[PDB]
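J.: Structure: protein-v6.cif, mmCIF, C-alpha atoms and all ligand atoms.
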```cif
data_model
loop_
_atom_site.label_atom_id
_atom_site.label_comp_id
_atom_site.auth_asym_id
_atom_site.auth_seq_id
_atom_site.Cartn_x
_atom_site.Cartn_y
_atom_site.Cartn_z
CA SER A 1584 12.08 -58.28 51.61
CA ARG A 1585 13.17 -57.68 48.01
CA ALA A 1586 10.54 -60.14 46.73
CA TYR A 1587 7.79 -58.51 48.81
CA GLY A 1588 6.84 -56.34 45.83
CA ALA A 1589 6.18 -59.36 43.63
CA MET A 1590 4.36 -60.85 46.62
CA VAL A 1591 2.06 -57.82 46.55
CA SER A 1592 1.52 -58.44 42.84
CA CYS A 1593 0.57 -62.05 43.57
CA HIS A 1594 -1.79 -60.77 46.26
CA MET A 1595 -3.49 -58.52 43.71
CA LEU A 1596 -3.87 -61.36 41.20
CA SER A 1597 -5.36 -63.66 43.83
CA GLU A 1598 -7.71 -60.85 44.84
CA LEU A 1599 -8.86 -60.55 41.23
CA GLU A 1600 -9.68 -64.26 41.08
CA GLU A 1601 -11.62 -63.89 44.32
CA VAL A 1602 -13.39 -60.93 42.69
CA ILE A 1603 -14.68 -63.05 39.81
CA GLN A 1604 -15.74 -65.54 42.48
CA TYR A 1605 -17.50 -62.65 44.25
CA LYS A 1606 -19.37 -61.77 41.06
CA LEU A 1607 -20.33 -65.38 40.30
CA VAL A 1608 -21.33 -66.71 43.73
CA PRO A 1609 -23.95 -64.65 45.63
CA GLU A 1610 -23.77 -66.83 48.77
CA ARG A 1611 -19.98 -66.40 49.04
CA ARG A 1612 -20.07 -62.61 49.47
CA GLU A 1613 -19.69 -62.46 53.26
CA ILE A 1614 -17.01 -65.17 53.30
CA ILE A 1615 -15.03 -63.40 50.58
CA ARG A 1616 -15.24 -60.07 52.41
CA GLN A 1617 -14.00 -61.66 55.64
CA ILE A 1618 -11.16 -63.35 53.74
CA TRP A 1619 -10.20 -60.00 52.21
CA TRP A 1620 -10.23 -58.30 55.61
CA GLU A 1621 -8.03 -60.95 57.23
CA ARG A 1622 -5.60 -61.06 54.29
CA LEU A 1623 -5.30 -57.26 54.25
CA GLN A 1624 -4.57 -57.35 57.98
CA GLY A 1625 -1.89 -59.93 57.21
CA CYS A 1626 -0.28 -57.71 54.60
CA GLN A 1627 2.14 -54.92 55.48
CA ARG A 1628 0.95 -51.44 56.49
CA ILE A 1629 2.30 -49.53 53.47
CA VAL A 1630 -0.17 -46.96 52.14
CA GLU A 1631 0.72 -47.67 48.50
CA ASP A 1632 0.12 -51.41 48.89
CA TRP A 1633 -3.13 -50.83 50.79
CA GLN A 1634 -4.33 -48.41 48.11
CA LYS A 1635 -3.54 -50.89 45.33
CA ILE A 1636 -5.36 -53.73 47.10
CA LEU A 1637 -8.38 -51.57 47.92
CA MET A 1638 -8.55 -50.32 44.33
CA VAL A 1639 -8.63 -53.94 43.19
CA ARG A 1640 -11.34 -54.74 45.73
CA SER A 1641 -13.37 -51.67 44.69
CA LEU A 1642 -14.48 -53.46 41.51
CA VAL A 1643 -17.26 -55.30 43.37
CA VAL A 1644 -17.28 -53.60 46.78
CA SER A 1645 -18.26 -49.97 47.22
CA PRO A 1646 -16.64 -48.22 50.21
CA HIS A 1647 -20.05 -47.88 51.88
CA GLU A 1648 -20.51 -51.66 51.60
CA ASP A 1649 -17.38 -52.22 53.76
CA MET A 1650 -16.78 -49.35 56.18
CA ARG A 1651 -14.24 -51.12 58.41
CA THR A 1652 -11.59 -51.67 55.73
CA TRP A 1653 -11.63 -48.08 54.50
CA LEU A 1654 -11.68 -46.82 58.09
CA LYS A 1655 -8.50 -48.79 58.82
CA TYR A 1656 -6.96 -47.50 55.58
CA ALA A 1657 -7.82 -43.90 56.48
CA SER A 1658 -6.31 -44.39 59.94
CA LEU A 1659 -3.13 -45.74 58.34
CA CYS A 1660 -2.93 -42.75 55.99
CA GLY A 1661 -3.47 -40.37 58.90
CA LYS A 1662 -0.64 -42.01 60.83
CA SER A 1663 1.51 -41.90 57.66
CA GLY A 1664 1.37 -38.10 57.35
CA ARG A 1665 -1.27 -37.97 54.60
CA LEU A 1666 -4.08 -36.17 56.41
CA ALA A 1667 -5.33 -34.78 53.09
CA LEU A 1668 -6.00 -38.25 51.66
CA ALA A 1669 -7.33 -39.37 55.05
CA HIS A 1670 -9.81 -36.48 55.07
CA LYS A 1671 -10.81 -37.31 51.49
CA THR A 1672 -11.48 -40.93 52.47
CA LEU A 1673 -13.43 -39.84 55.57
CA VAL A 1674 -15.57 -37.41 53.57
CA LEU A 1675 -16.22 -40.10 50.95
CA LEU A 1676 -17.35 -42.48 53.70
CA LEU A 1677 -19.56 -39.81 55.32
CA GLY A 1678 -21.15 -38.77 52.02
CA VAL A 1679 -21.25 -35.05 52.87
CA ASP A 1680 -18.55 -32.47 53.57
CA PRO A 1681 -18.44 -31.10 57.14
CA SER A 1682 -15.72 -28.67 56.02
CA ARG A 1683 -18.02 -26.65 53.76
CA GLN A 1684 -20.93 -26.74 56.24
CA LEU A 1685 -19.09 -25.71 59.40
CA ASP A 1686 -22.29 -24.53 61.10
CA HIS A 1687 -24.17 -27.71 60.22
CA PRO A 1688 -23.59 -30.34 62.94
CA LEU A 1689 -21.91 -33.60 61.99
CA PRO A 1690 -24.18 -36.36 60.66
CA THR A 1691 -25.18 -39.08 63.11
CA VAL A 1692 -25.40 -41.83 60.49
CA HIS A 1693 -22.31 -44.06 60.48
CA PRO A 1694 -21.27 -43.11 64.04
CA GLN A 1695 -17.95 -44.93 63.71
CA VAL A 1696 -17.18 -42.86 60.61
CA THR A 1697 -18.18 -39.68 62.44
CA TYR A 1698 -15.92 -40.54 65.38
CA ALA A 1699 -13.02 -41.29 63.03
CA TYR A 1700 -13.59 -37.98 61.25
CA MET A 1701 -13.68 -36.15 64.58
CA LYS A 1702 -10.37 -37.63 65.72
CA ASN A 1703 -8.83 -36.87 62.32
CA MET A 1704 -10.07 -33.29 62.70
CA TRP A 1705 -8.42 -33.26 66.13
CA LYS A 1706 -5.19 -34.32 64.44
CA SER A 1707 -5.86 -31.47 61.97
CA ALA A 1708 -5.33 -28.94 64.84
CA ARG A 1709 -9.01 -27.86 64.78
CA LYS A 1710 -9.25 -28.82 68.43
CA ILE A 1711 -11.89 -26.40 69.72
CA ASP A 1712 -14.47 -27.12 67.03
CA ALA A 1713 -13.59 -30.82 67.32
CA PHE A 1714 -14.46 -30.60 71.02
CA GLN A 1715 -17.76 -28.87 70.28
CA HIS A 1716 -18.60 -31.55 67.72
CA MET A 1717 -17.62 -34.15 70.33
CA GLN A 1718 -20.08 -32.76 72.88
CA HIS A 1719 -22.84 -32.57 70.27
CA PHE A 1720 -22.13 -36.13 69.10
CA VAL A 1721 -22.15 -37.54 72.64
CA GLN A 1722 -25.46 -35.87 73.52
CA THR A 1723 -26.98 -37.06 70.24
CA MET A 1724 -25.73 -40.61 70.86
CA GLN A 1725 -27.19 -40.70 74.38
CA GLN A 1726 -30.59 -39.36 73.30
CA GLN A 1727 -30.66 -41.71 70.30
CA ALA A 1728 -29.72 -44.72 72.44
CA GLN A 1729 -32.35 -43.88 75.06
CA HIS A 1730 -34.96 -43.62 72.30
CA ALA A 1731 -33.89 -46.74 70.39
CA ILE A 1732 -33.25 -49.22 73.22
CA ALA A 1733 -35.14 -52.39 72.33
CA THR A 1734 -34.90 -56.10 73.03
CA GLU A 1735 -34.28 -56.77 69.33
CA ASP A 1736 -31.20 -54.52 69.09
CA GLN A 1737 -28.74 -55.72 71.73
CA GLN A 1738 -25.53 -56.27 69.75
CA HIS A 1739 -26.04 -52.82 68.23
CA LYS A 1740 -26.51 -51.41 71.73
CA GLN A 1741 -23.30 -53.09 72.92
CA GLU A 1742 -21.34 -51.63 70.00
CA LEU A 1743 -22.92 -48.23 70.66
CA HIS A 1744 -21.89 -48.40 74.33
CA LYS A 1745 -18.32 -49.30 73.34
CA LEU A 1746 -18.15 -46.33 70.96
CA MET A 1747 -19.68 -44.06 73.62
CA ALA A 1748 -17.05 -45.23 76.12
CA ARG A 1749 -14.35 -44.30 73.61
CA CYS A 1750 -16.05 -40.94 73.07
CA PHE A 1751 -16.17 -40.19 76.80
CA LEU A 1752 -12.49 -41.08 77.17
CA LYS A 1753 -11.62 -38.79 74.26
CA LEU A 1754 -13.75 -36.03 75.79
CA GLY A 1755 -11.82 -36.28 79.05
CA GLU A 1756 -8.39 -36.39 77.41
CA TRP A 1757 -9.17 -33.46 75.12
CA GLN A 1758 -10.55 -31.41 78.02
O1 LIG B 1801 -4.57 -44.03 66.79
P1 LIG B 1801 -5.29 -43.85 68.08
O2 LIG B 1801 -5.83 -42.43 68.27
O3 LIG B 1801 -4.44 -44.20 69.31
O4 LIG B 1801 -6.59 -44.83 68.15
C1 LIG B 1801 -6.51 -46.24 68.42
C2 LIG B 1801 -6.28 -46.97 67.11
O5 LIG B 1801 -7.42 -46.72 66.25
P2 LIG B 1801 -7.51 -46.46 64.68
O6 LIG B 1801 -8.02 -47.77 64.07
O7 LIG B 1801 -8.39 -45.29 64.40
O8 LIG B 1801 -6.06 -46.26 64.21
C3 LIG B 1801 -6.20 -48.46 67.38
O9 LIG B 1801 -5.97 -49.15 66.13
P3 LIG B 1801 -4.49 -49.70 65.69
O10 LIG B 1801 -4.03 -48.79 64.54
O11 LIG B 1801 -3.57 -49.67 66.86
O12 LIG B 1801 -4.71 -51.11 65.13
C4 LIG B 1801 -7.52 -48.93 67.97
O13 LIG B 1801 -7.42 -50.35 68.25
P4 LIG B 1801 -8.06 -51.57 67.45
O14 LIG B 1801 -7.38 -51.72 66.13
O15 LIG B 1801 -7.91 -52.80 68.35
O16 LIG B 1801 -9.56 -51.26 67.32
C5 LIG B 1801 -7.79 -48.20 69.27
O17 LIG B 1801 -9.07 -48.62 69.79
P5 LIG B 1801 -9.40 -49.06 71.31
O18 LIG B 1801 -9.07 -47.94 72.25
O19 LIG B 1801 -10.89 -49.44 71.33
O20 LIG B 1801 -8.58 -50.32 71.57
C6 LIG B 1801 -7.83 -46.70 69.01
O21 LIG B 1801 -8.04 -46.01 70.27
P6 LIG B 1801 -9.01 -44.73 70.48
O22 LIG B 1801 -10.31 -45.06 69.73
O23 LIG B 1801 -9.32 -44.67 71.98
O24 LIG B 1801 -8.34 -43.50 69.97
#
```
Do you think you could lay out the structure here as structure tokens?
Ligand SMILES: O=P(O)(O)O[C@H]1[C@H](OP(=O)(O)O)[C@@H](OP(=O)(O)O)[C@H](OP(=O)(O)O)[C@@H](OP(=O)(O)O)[C@H]1OP(=O)(O)O
T.:
Amino acid sequence: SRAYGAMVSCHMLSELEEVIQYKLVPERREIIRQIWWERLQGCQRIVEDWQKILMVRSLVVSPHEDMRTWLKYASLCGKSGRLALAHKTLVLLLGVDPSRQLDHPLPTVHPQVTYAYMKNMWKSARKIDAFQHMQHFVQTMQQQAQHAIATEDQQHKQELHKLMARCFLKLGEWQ
């Protein structure tokens, strides 16, 4: 447990070598990203360590390029009593600020990011407006899914149904 800090340092150095591999090899990009995700999952859930590792990985990977990792990091920060940093990460992922445009409904692009932002807002005690955004998001998801159902997009439809199931459960619990 004492050496874990130096272990984190070794993790960062190994990540840097995999970063130069990422820059050199264009066919290794997906494999490297999956390796990074699994290794980060293996590491401990300390916000400082996660921030260091993600800062190292940011050299060749923009947050938009890998939404899942930053979503997990934002969830960790939210559970670690750092809702300010979690909101900053969520707004960076979204690309626009829902806080300034309260009247403007939440963007539908990146629905996972929108759902994460909504639940963070719920944790931010803005429950009523979170519920209104939840209803708007669910109706938008259903209309979008009905419009965009196609034989080509089936995995996307399955993921959308899973997210919608989570949204309906959250709607019921919040009601
Ligand atoms: O913190 P909660 O409100 O209870 O939400 C949890 C939490 O999601 P986050 O990734 O946003 O933290 C779980 O993640 P863990 O931190 O426990 O790893 C996730 O489970 P997975 O990691 O397996 O995705 C689970 O999702 P699910 O209900 O689909 O299993 C999800 O629950 P809600 O989305 O219903 O809030």
J.: Give me the box for range 1698-1707 of chain A as AutoDock Vina command-line options, namely the centre and edge lengths in Å to one decimal of a box along x, y and z that holds every listed atom plus 4 Å on each side.
T.:
```
--center_x -10.6 --center_y -36.4 --center_z 63.7 --size_x 18.7 --size_y 17.8 --size_z 12.9
```
J.: Would you mind telling me which residue in A:1699, A:1750, A:1677, A:1704 lies nearest to residue 1718 in chain A when using only C-alpha atoms?
T.: A:1750
J.: Collect all residues with atoms no farther than 10 Å from ligand LIG 1801 (chain B), counting all atoms listed in the file, and output them as JSON, numbers by chain.
T.: {"A": [1624, 1628, 1651, 1652, 1654, 1655, 1656, 1657, 1658, 1659, 1660, 1661, 1662, 1695, 1696, 1698, 1699, 1700, 1702, 1703, 1705, 1706, 1745, 1746, 1748, 1749, 1750, 1751, 1752, 1753, 1756]}
J.: Could you tell me how far CA of residue 1673 in chain A lies from CA of residue 1593 in chain A, in Å and to one decimal?
T.: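 Those two atoms sit 28.9 Å apart.
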J.: Would you mind reading off the distance between CA of residue 1755 in chain A and CA of residue 1743 in chain A, one decimal, in Å?
T.: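 CA of residue 1755 in chain A sits 18.3 Å away from CA of residue 1743 in chain A.
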J.: Report, in Å to a single decimal, how far apart CA of residue 1694 in chain A and CA of residue 1623 in chain A are.
T.: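 Atom-to-atom, CA of residue 1623 in chain A to CA of residue 1694 in chain A, that is 23.5 Å.
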J.: Can you work out which one of A:1596, A:1608, A:1701, A:1626 has the shortest atom-to-atom distance to residue 1681 in chain A, counting all atoms listed in the file?
T.: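 The answer is A:1701, which sits nearest to residue 1681 in chain A.
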J.: Neighbours of residue 1595 in chain A within 10 Å (all atoms listed in the file; same-chain residues fewer than 5 positions away dropped), as a PDB file with C-alpha atoms, in the coordinates of the input?
T.:
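The resulting out31.pdb:
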```
ATOM      1  CA  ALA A1589       6.180 -59.360  43.630  1.00  0.00           C
ATOM      2  CA  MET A1590       4.360 -60.850  46.620  1.00  0.00           C
ATOM      3  CA  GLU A1600      -9.680 -64.260  41.080  1.00  0.00           C
ATOM      4  CA  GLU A1601     -11.620 -63.890  44.320  1.00  0.00           C
ATOM      5  CA  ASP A1632       0.120 -51.410  48.890  1.00  0.00           C
ATOM      6  CA  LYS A1635      -3.540 -50.890  45.330  1.00  0.00           C
ATOM      7  CA  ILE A1636      -5.360 -53.730  47.100  1.00  0.00           C
ATOM      8  CA  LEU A1637      -8.380 -51.570  47.920  1.00  0.00           C
ATOM      9  CA  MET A1638      -8.550 -50.320  44.330  1.00  0.00           C
ATOM     10  CA  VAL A1639      -8.630 -53.940  43.190  1.00  0.00           C
ATOM     11  CA  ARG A1640     -11.340 -54.740  45.730  1.00  0.00           C
TER      12      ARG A1640
END
```
J.: Within 12 Å of (-15.6, -31.6, 54.9) (coordinates as in the file), grab all the protein and nucleic acid residues, counting all atoms listed in the file, and write them out as a PyMOL selection string.
T.: chain A and resi 1667+1669-1690+1697+1700-1701+1703-1704
J.: Using only C-alpha atoms, please write the residues we just selected to a file, as a compact mmCIF listing (two decimals), keeping the file's coordinate frame.
T.:
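again-v8.txt was written with the following content:
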```
# COMPACT_ATOMS: atom_id res chain seq x y z
CA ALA A 1667 -5.33 -34.78 53.09
CA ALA A 1669 -7.33 -39.37 55.05
CA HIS A 1670 -9.81 -36.48 55.07
CA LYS A 1671 -10.81 -37.31 51.49
CA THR A 1672 -11.48 -40.93 52.47
CA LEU A 1673 -13.43 -39.84 55.57
CA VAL A 1674 -15.57 -37.41 53.57
CA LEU A 1675 -16.22 -40.10 50.95
CA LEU A 1676 -17.35 -42.48 53.70
CA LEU A 1677 -19.56 -39.81 55.32
CA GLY A 1678 -21.15 -38.77 52.02
CA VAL A 1679 -21.25 -35.05 52.87
CA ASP A 1680 -18.55 -32.47 53.57
CA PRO A 1681 -18.44 -31.10 57.14
CA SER A 1682 -15.72 -28.67 56.02
CA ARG A 1683 -18.02 -26.65 53.76
CA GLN A 1684 -20.93 -26.74 56.24
CA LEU A 1685 -19.09 -25.71 59.40
CA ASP A 1686 -22.29 -24.53 61.10
CA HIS A 1687 -24.17 -27.71 60.22
CA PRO A 1688 -23.59 -30.34 62.94
CA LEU A 1689 -21.91 -33.60 61.99
CA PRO A 1690 -24.18 -36.36 60.66
CA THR A 1697 -18.18 -39.68 62.44
CA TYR A 1700 -13.59 -37.98 61.25
CA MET A 1701 -13.68 -36.15 64.58
CA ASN A 1703 -8.83 -36.87 62.32
CA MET A 1704 -10.07 -33.29 62.70
```
J.: Which residue out of A:1604, A:1584, A:1597, A:1734 has the minimum interatomic distance to residue 1627 in chain A when all atoms listed in the file are used?
T.: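 When distances to residue 1627 in chain A are compared using all atoms listed in the file, the smallest one comes from A:1584.
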J.: Just checking: using all atoms listed in the file, which residue out of A:1757, A:1619, A:1625, A:1607 ends up closest to residue 1709 in chain A?
T.: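 Comparing A:1757, A:1619, A:1625, A:1607 against residue 1709 in chain A, the winner is A:1757.
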J.: Nearest to residue 1665 in chain A: which of A:1733, A:1603, A:1630, A:1644 is it, counting only C-alpha atoms?
T.: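 Going through A:1733, A:1603, A:1630, A:1644 one by one, the smallest distance to residue 1665 in chain A is for A:1630.
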J.: Missing atoms in range 1598-1612 of chain A should be modelled up to N, CA, C and O atoms and reported as a PDB file, in the frame of the given file.
T.:
```pdb
ATOM      1  N   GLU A1598      -6.521 -61.648  44.555  1.00  0.00           N
ATOM      2  CA  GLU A1598      -7.710 -60.850  44.840  1.00  0.00           C
ATOM      3  C   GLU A1598      -8.619 -60.780  43.627  1.00  0.00           C
ATOM      4  O   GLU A1598      -9.841 -60.873  43.757  1.00  0.00           O
ATOM      5  N   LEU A1599      -8.041 -60.623  42.435  1.00  0.00           N
ATOM      6  CA  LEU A1599      -8.860 -60.550  41.230  1.00  0.00           C
ATOM      7  C   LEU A1599      -9.620 -61.845  40.989  1.00  0.00           C
ATOM      8  O   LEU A1599     -10.799 -61.824  40.606  1.00  0.00           O
ATOM      9  N   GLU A1600      -8.965 -62.988  41.206  1.00  0.00           N
ATOM     10  CA  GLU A1600      -9.680 -64.260  41.080  1.00  0.00           C
ATOM     11  C   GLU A1600     -10.795 -64.361  42.115  1.00  0.00           C
ATOM     12  O   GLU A1600     -11.896 -64.837  41.811  1.00  0.00           O
ATOM     13  N   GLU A1601     -10.540 -63.913  43.343  1.00  0.00           N
ATOM     14  CA  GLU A1601     -11.620 -63.890  44.320  1.00  0.00           C
ATOM     15  C   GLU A1601     -12.701 -62.888  43.953  1.00  0.00           C
ATOM     16  O   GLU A1601     -13.845 -63.043  44.388  1.00  0.00           O
ATOM     17  N   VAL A1602     -12.374 -61.875  43.147  1.00  0.00           N
ATOM     18  CA  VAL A1602     -13.390 -60.930  42.690  1.00  0.00           C
ATOM     19  C   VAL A1602     -14.332 -61.584  41.693  1.00  0.00           C
ATOM     20  O   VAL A1602     -15.551 -61.381  41.749  1.00  0.00           O
ATOM     21  N   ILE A1603     -13.791 -62.353  40.744  1.00  0.00           N
ATOM     22  CA  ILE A1603     -14.680 -63.050  39.810  1.00  0.00           C
ATOM     23  C   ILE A1603     -15.512 -64.083  40.563  1.00  0.00           C
ATOM     24  O   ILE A1603     -16.679 -64.324  40.228  1.00  0.00           O
ATOM     25  N   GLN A1604     -14.934 -64.695  41.601  1.00  0.00           N
ATOM     26  CA  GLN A1604     -15.740 -65.540  42.480  1.00  0.00           C
ATOM     27  C   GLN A1604     -16.831 -64.728  43.168  1.00  0.00           C
ATOM     28  O   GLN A1604     -17.966 -65.199  43.306  1.00  0.00           O
ATOM     29  N   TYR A1605     -16.506 -63.511  43.609  1.00  0.00           N
ATOM     30  CA  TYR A1605     -17.500 -62.650  44.250  1.00  0.00           C
ATOM     31  C   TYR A1605     -18.645 -62.343  43.303  1.00  0.00           C
ATOM     32  O   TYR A1605     -19.815 -62.361  43.701  1.00  0.00           O
ATOM     33  N   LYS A1606     -18.326 -62.052  42.043  1.00  0.00           N
ATOM     34  CA  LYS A1606     -19.370 -61.770  41.060  1.00  0.00           C
ATOM     35  C   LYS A1606     -20.220 -63.005  40.789  1.00  0.00           C
ATOM     36  O   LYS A1606     -21.447 -62.904  40.668  1.00  0.00           O
ATOM     37  N   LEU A1607     -19.591 -64.176  40.684  1.00  0.00           N
ATOM     38  CA  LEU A1607     -20.330 -65.380  40.300  1.00  0.00           C
ATOM     39  C   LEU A1607     -21.213 -65.892  41.424  1.00  0.00           C
ATOM     40  O   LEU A1607     -22.393 -66.194  41.206  1.00  0.00           O
ATOM     41  N   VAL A1608     -20.673 -65.996  42.634  1.00  0.00           N
ATOM     42  CA  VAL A1608     -21.330 -66.710  43.730  1.00  0.00           C
ATOM     43  C   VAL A1608     -21.973 -65.676  44.650  1.00  0.00           C
ATOM     44  O   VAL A1608     -21.250 -64.922  45.322  1.00  0.00           O
ATOM     45  N   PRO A1609     -23.307 -65.608  44.721  1.00  0.00           N
ATOM     46  CA  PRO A1609     -23.950 -64.650  45.630  1.00  0.00           C
ATOM     47  C   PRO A1609     -23.968 -65.087  47.088  1.00  0.00           C
ATOM     48  O   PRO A1609     -24.157 -64.231  47.962  1.00  0.00           O
ATOM     49  N   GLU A1610     -23.807 -66.375  47.382  1.00  0.00           N
ATOM     50  CA  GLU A1610     -23.770 -66.830  48.770  1.00  0.00           C
ATOM     51  C   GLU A1610     -22.370 -66.811  49.362  1.00  0.00           C
ATOM     52  O   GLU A1610     -22.214 -67.118  50.549  1.00  0.00           O
ATOM     53  N   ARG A1611     -21.354 -66.465  48.575  1.00  0.00           N
ATOM     54  CA  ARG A1611     -19.980 -66.400  49.040  1.00  0.00           C
ATOM     55  C   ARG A1611     -19.542 -64.979  49.383  1.00  0.00           C
ATOM     56  O   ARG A1611     -18.371 -64.759  49.707  1.00  0.00           O
ATOM     57  N   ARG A1612     -20.460 -64.011  49.332  1.00  0.00           N
ATOM     58  CA  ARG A1612     -20.070 -62.610  49.470  1.00  0.00           C
ATOM     59  C   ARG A1612     -19.481 -62.321  50.843  1.00  0.00           C
ATOM     60  O   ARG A1612     -18.402 -61.725  50.954  1.00  0.00           O
TER      61      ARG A1612
END
```
